[PDB]
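Only one chain is shown below, in structure tokens, and it's the form deposited in one PDB entry.
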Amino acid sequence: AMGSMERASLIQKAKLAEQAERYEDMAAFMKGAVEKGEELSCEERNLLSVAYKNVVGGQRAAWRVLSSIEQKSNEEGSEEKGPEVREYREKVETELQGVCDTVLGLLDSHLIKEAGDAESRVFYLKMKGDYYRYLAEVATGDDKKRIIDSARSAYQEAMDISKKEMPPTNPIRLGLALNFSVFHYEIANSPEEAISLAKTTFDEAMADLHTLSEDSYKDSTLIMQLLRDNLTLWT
């Protein structure tokens, strides 16, 4: 749908969509930019991830509402409404899945293959881990296990690279750790691992802060605070 628009026009429109909180549009513009076949810049990767994060974020929030209703209507002494709650939860779930598959597909051809620099490769592998994780949040079937492992292996590979190649205060490194810790906590049923990861990550970033310019690491600061919020919630 975006094949007739210049790459630069798609990037510009993704930035306008962001300002207008039109995240579906933003995601469609960024998909079209990716499909031009050139690697994305640091700024363009951020637009890509923000667009899809917001689209799936709204779907996942809806899915959680509908799932909670559905689960309530399946309890002790709740009364039979009929199939509507389940159908509508399935409709939202299916659309969410289709957006995850779209992102995963863009990642696998060809953001991940062509990413040589550490900051881009870790960024894309983090996205791959995130979107498999959102698949795992709704998976109840045969392949829940395989989906969970796909998220784990993406996050693990990102983690391996980020440790070798990036400082501990790098905001991509920090975000990856934050999300991988969430994965361990609520997807992999490994809250000790989640806690240990969040703590180690936070502590190592604190100790490396002396190397940093400020206010040039406001992203790193915010993410350190989310790690702290999780540690507070979980301990």
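Heads up, when I say rigid core I mean the largest set of C-alphas that superpose within 1.5 Å between the two forms. Don't overthink the numbering: it's just position in the shown sequence, from 1.
Absent from the display: the form solved in complex with a small molecule. The rest refers to it.
- Does the small molecule come within 4.5 Å of any heavy atom of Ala207 in the deposited bound form? Although the small molecule is absent here, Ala207 would stay clear of it in the deposited bound form, with no heavy atoms inside 4.5 Å.
- Message: Even though the partner isn't displayed, in the deposited bound form is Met224 close enough to the small molecule, meaning a heavy atom within 4.5 Å?
- Response: Flag for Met224 set to yes.
- Item | Shift of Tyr23 between this form and the one not shown at or above 2 Å (CA, core fit) | Moves: no, less than 2 Å.
- Query: Does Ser213 count as moved between this form and the one not shown, where moved means a C-alpha shift of 2 angstroms or more after fitting the rigid core?
  - Reply: No, because once the rigid core is superposed, the C-alpha of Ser213 moves less than 2 Å between this form and the one not shown.
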